[PDB]
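The residues making up each chain are set out below.
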There are 2 protein chains.
Amino acid sequence: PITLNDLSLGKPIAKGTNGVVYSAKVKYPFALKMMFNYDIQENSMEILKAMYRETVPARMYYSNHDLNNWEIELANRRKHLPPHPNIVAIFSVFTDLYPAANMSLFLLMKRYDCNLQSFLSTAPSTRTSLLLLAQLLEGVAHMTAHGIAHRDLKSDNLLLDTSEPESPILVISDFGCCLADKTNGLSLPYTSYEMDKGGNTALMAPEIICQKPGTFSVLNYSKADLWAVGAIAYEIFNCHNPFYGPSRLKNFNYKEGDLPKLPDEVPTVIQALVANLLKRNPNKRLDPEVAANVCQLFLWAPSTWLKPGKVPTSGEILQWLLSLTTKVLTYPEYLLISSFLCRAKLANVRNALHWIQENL
Amino acid sequence: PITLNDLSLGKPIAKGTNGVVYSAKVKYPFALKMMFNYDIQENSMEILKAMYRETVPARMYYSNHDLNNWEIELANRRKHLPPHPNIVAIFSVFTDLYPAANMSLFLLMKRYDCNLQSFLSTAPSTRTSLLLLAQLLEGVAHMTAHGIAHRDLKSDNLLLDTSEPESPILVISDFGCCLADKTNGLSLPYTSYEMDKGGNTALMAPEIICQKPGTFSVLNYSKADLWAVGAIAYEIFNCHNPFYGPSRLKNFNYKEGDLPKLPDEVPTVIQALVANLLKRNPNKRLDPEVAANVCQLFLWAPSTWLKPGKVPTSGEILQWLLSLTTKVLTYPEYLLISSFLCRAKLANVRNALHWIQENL
Ligand SMILES: [Mg+2]
Ligand SMILES: [Mg+2]
């Protein structure tokens, strides 16, 4: 595992009361995030959990000292997020003092070029926007499959690699608010109103913000990131996020008629996907595994699958999936497709086909 | 309108603390149900609303006295259910004193021979059972089309006319629990837990029993009767209602795998329909208009439509609809077909066709 001794620091990228991030390299394409006071004596458990949660996507953990019991209980109660192209790359996590130039938590990460709101300061291609949406969906699908909910998706913390600026790579980052517990998965008992519910923010899904507490009384997060994706899809197609600004829709109030119509430039099927994701009732929203497939099929299916027409056969689908694997053996296009083939189960690709047919 | 003076009573059919039903005739094929204490001074609104709701299917209202304001509010807030062969026939409703031998509500109805649970004490034909399911579906489609939910469908109150015992006429009865408000249709704000939710009983649909209260927080009944129809379909094909008995599935828990398999005697397409109706997620359930079409198609379509094959044409569907209208110009058979033709829209008959094809 990589520790401080193996790497050389540069300029600060960010400076704060709670921590610092430094540019870094091995012997400046890495960032070393340092969060201070990772100590049960200098902070309470809610703050420490939030620091550890940031670590959920990490590839390796390394520890100098003998683990305190809270550290052990944290580690053993946590769901791990395996690597994925659309999830932030955290190469090492380690605990260490404020020498080596406060017990501090350290995260060595890839440095990304900008966030999504900066990249969208100039309008991108309509093709670029679809690749962005597909990537986001593909990330959420990966989280949900592994019983993790981000709870704080937003333009600000989606990060991009802008080599080939016509098609960037998107990654979900900043897992500080995430739900990642082995015990309860995506269902979370909500007994007191003074409880961590994720980012208490604009893009909390209606089924979370509107739920009153009780005795199970459960919060169900299994389609909650998806709602946020819907809001963010607006930004991705050059509109205001309906739920941001001074004259502003609110997650708890909004009725589905209040949502702005998307520009005509954005395909009709995709308009519908966005309208699906933004449904108030999570039971009316697609599964993530299906919603990610809708975007992938739009992108790569035979055109006959997309026009009304249409004979669809279990054997023909498999043949098509195998045609795709060969096609990947334009780096974003490769990543998305391999991302899609990794999780493709035949049931869910038909479901997605059936959904596209019913929306024209 | 028919009032007491026009009819002659016979034996009691039922006696209770809350009211009486008498056999009756005009000058004994009618029943005159009398409910006592239809007076705000003798009963609370909850009980009166329940009494009035029993009147939702009624053909004529007649009132001796100047309506009280609570009566006025009841009437103006209520959706009316038009006549329909599979909805109980209530020819007149009138308010009257307990002389004429307590203000009492009176309902003059058709007398039916038995309820569904009695008729099924002997196993009927497999064909008879399909006729029963088709009529029940056709009732629920009629209610849902007019924004009414029964909320208390069960074997005990589905009533039959058993002339021609090979094919009986089924009617939905006992509208005391029903939702029929002009204001809110089938979407009911659910703000306190001590709220009237329909019969708080075994065949409440999962989406109703599982919903917690809040601030909109709505209860959606638009597919709830249909859930109950699924459970009842088991009884209609000689099995135990999965949700009745001592070792018993519950509406809030049951996983879709827990459901007993239906007998091999009951067609494969129909086993699927029952499985659809019993899906926990009301979005994954067919529209009532479509589900009723599935049964009708199974009964009367050209056999080419049902086997895998299969060219289905908008013009050809219309031709087949017109062939049916001529075919009805075996009284249950006539009733079902005319019931199907009255509501047949070209869109929904194709949806149903397409659904049948995908389940084989
Ligand atoms: Mg944070
Ligand atoms: Mg009653």
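A. View of the overall build of chain A. Check the secondary structure of chain A and you find 11 helices and 11 strands. Taken along its principal axes, the extent of the C-alpha atoms in chain A is 65 × 50 × 40 Å.

B. Region of the structure containing the pairing of strand 8 (residues 158–161) of chain B. Residues and elements named next belong to chain B. Both faces of strand 8 are covered, namely the face carrying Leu158 and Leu160 and the face carrying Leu159 and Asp161. Pairing between strand 8 and strand 9 (residues 169–172): 4 bridges, direction antiparallel. Bridging from a neighbouring strand, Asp161 pairs with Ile169 of strand 9.

C. Here's a closer look at the state of the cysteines. All names here are of chain B. Scanning the entire structure with this criterion turns up 0 disulfides over all chains. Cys177 takes part in no disulfide bond, and the closest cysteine sulfur to it belongs to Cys178, at a distance of 8.3 Å. Overall, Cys177 belongs to the partly exposed group, its relative accessible area being 24%.

D. Summary view of the UniProt feature "binding site: Mg(2+) 1" in chain A. Residues and elements named next belong to chain A. The UniProt record annotates "binding site: Mg(2+) 1" at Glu54 and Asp174. Within the element layout of this structure, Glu54 appears in the loop between helix 1 (45–53) and strand 4 (60–63). Excluding its chain neighbours within four sequence positions, the residues that come into contact with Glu54 are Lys33, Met35, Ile90, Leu107, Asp174, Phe175 and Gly176. With respect to the helices, strands and loops of the structure, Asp174 is situated in the loop between strand 9 (169–172) and strand 10 (187–189). Residue contacts for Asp174: discarding those within four places in its chain leaves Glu54, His150, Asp152 and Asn157.

E. A look at the UniProt feature "active site" in chain A. Residues and elements named next belong to chain A. Taking the UniProt record as the reference, the feature "active site" is found at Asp152. Note that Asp152 resides in the loop between helix 4 (126–145) and strand 8 (158–161). For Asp152, the residues in contact, after removing those within four places along its chain, are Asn157, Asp174, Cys177, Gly199 and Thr201.

F. The sheet that holds strand 1 (residues 7–15) of chain B, seen in detail. All names here are of chain B. The 6 strands lie next to each other as 1-2-3-6-5-4, forming an open sheet whose pairing is mixed. Every other strand in the sheet has two partners, leaving strand 1 and strand 4 (60–63) as the edge strands with one partner each. The sheet shows a mean angle of 25° between the axes of neighbouring strands, taken without regard to direction. Strand direction decides the pairing type here: strand 2 (residues 19–26) and strand 3 (residues 30–36), joined by 6 bridges, are antiparallel. Bridging from a neighbouring strand, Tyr22 pairs with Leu32 of strand 3.

G. Region of the structure containing helix 7 (residues 268–277) of chain B. Residues and elements named next belong to chain B. Taking burial as the measure, the 10 residues of helix 7 include 8 buried ones, the bulk of the element. Along helix 7, the positions that sit buried rather than exposed are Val269, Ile270, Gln271, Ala272, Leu273, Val274, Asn276 and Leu277. Packing partners of the buried residues in helix 7 comprise helix 4 (126–145), helix 6 (224–236), helix 8 (288–300) and helix 11 (346–357).

H. Fine view of the pattern of salt bridges. Tallied over the entire structure, the rule returns 22 salt bridges over all chains. In this structure, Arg343(A) and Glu289(A) form a salt bridge, with 3.3 Å as the shortest nitrogen-oxygen distance. Here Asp181(B) makes a salt bridge to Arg77(B), at a shortest N to O gap of 2.9 Å. On the basis of relative accessible area, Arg77(B) is assigned to the partly exposed category, the value being 30%. When salt bridges with common partners are traced through the structure, they connect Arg53(A), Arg151(A) and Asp196(A) into a single cluster.

I. Region of interest: the packing of aromatic side chains. Under the criterion given, the structure shown has 20 aromatic pairs over all chains. Pairing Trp227(B) with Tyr254(B) gives two aromatic rings, centres 5.9 Å apart and planes at 55°, and the pair type is tilted. One end of the pair, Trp227(B), is in helix 6; the other, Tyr254(B), is in the loop between helix 6 and helix 7, and 27 residues separate them in sequence. A connected cluster of aromatic rings, assembled from ring pairs, spans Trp227(A), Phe243(A) and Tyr254(A).

J. Representation of the sheet that holds strand 9 of chain A. Here 3 strands make up an open sheet; going across it, the order is 7-8-9 (chain A) and the pairing antiparallel. With partners counted over all chains shown, the strands left at the sheet margins are strand 7 (114–115) and strand 9 of chain A, one partner each.

K. Structural detail: the environment of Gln319(B). Residues and elements named next belong to chain B. Along the chain, the position of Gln319 falls in helix 9 (residues 314–327). Of the residues examined, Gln319 reaches a relative accessible area of 57% and is grouped as exposed. Distance in space between the C-alpha atoms of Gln319 and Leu329 is 16 Å, their sequence separation being 10 residues.

L. Representation of the nonpolar core in the model. The biggest cluster of nonpolar side chains holds 103 residues, and the ones touching the most others in it are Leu116(B), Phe175(B), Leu273(B) and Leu297(B). Once residues within four sequence positions are removed from consideration, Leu297(B) is found in contact with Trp305(B), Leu306(B), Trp320(B), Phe340(B), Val349(B), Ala352(B), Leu353(B) and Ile356(B). Counting residues in hydrophobic clusters, the runner-up holds 101 residues, among them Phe175(A), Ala228(A), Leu273(A) and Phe340(A).

M. How the structure looks around the pairing of strand 6 (residues 104–110) of chain B. Residues and elements named next belong to chain B. Taking burial as the measure, the 7 residues of strand 6 include 6 buried ones, the bulk of the element. Bridge count for strand 3 against strand 6 is 7 bridges, and the pairing is antiparallel. By the bridge assignment, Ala31 is partnered in strand 6 with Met109. With 6 bridges joining them, strand 5 (residues 90–96) and strand 6 adopt antiparallel strand pairing.

N. Highlighting the environment of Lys33(B). Residues and elements named next belong to chain B. The topology assignment puts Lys33 in strand 3. In the structure, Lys33 is positioned 16 residues away from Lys49 in sequence and 16 Å away in space, judged by C-alpha atoms. In contact with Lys33, other than residues within four places in its own chain, are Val20, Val21, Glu54, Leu105, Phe106, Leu107 and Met109. Reaching out from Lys33, the side chain makes a polar contact with the side chain of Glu54 at a distance of 2.5 Å.

Procedures and definitions
Residues numbered from 1 in each chain as written, not as in the entry; some residues may be left out. Chains lettered and ligands numbered in written order. Part of a larger assembly, values for the part shown. Heavy atoms only, no water. Residues with missing side-chain atoms left out of burial classes, pairs and counts. Helix = DSSP H or I, 4+ residues; strand = E, 2+ residues; numbered from the N terminus. Buried < 20%, exposed > 50% of the residue type's maximum accessible area, 1.4 Å probe, protein only. Pairing = 2+ DSSP bridges. Disulfide = S-S within 2.5 Å. UniProt positions renumbered as here; feature names shortened; annotations may be inferred. Contact = heavy atoms within 4.5 Å. Axes fitted to C-alpha atoms, helices over the stretch in contact; angles between N-to-C directions. Salt bridge = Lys/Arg side-chain N within 4 Å of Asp/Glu carboxyl O. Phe/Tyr/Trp six-rings, centres within 6.5 Å; stacked < 30°, edge-to-face > 60°. Core = buried A, V, L, I, M, F, W, Y, C linked by side-chain atoms within 4.5 Å. Polar contact = N/O pair within 3.5 Å; in protein donor to acceptor, adjacent residues only side chain to side chain.

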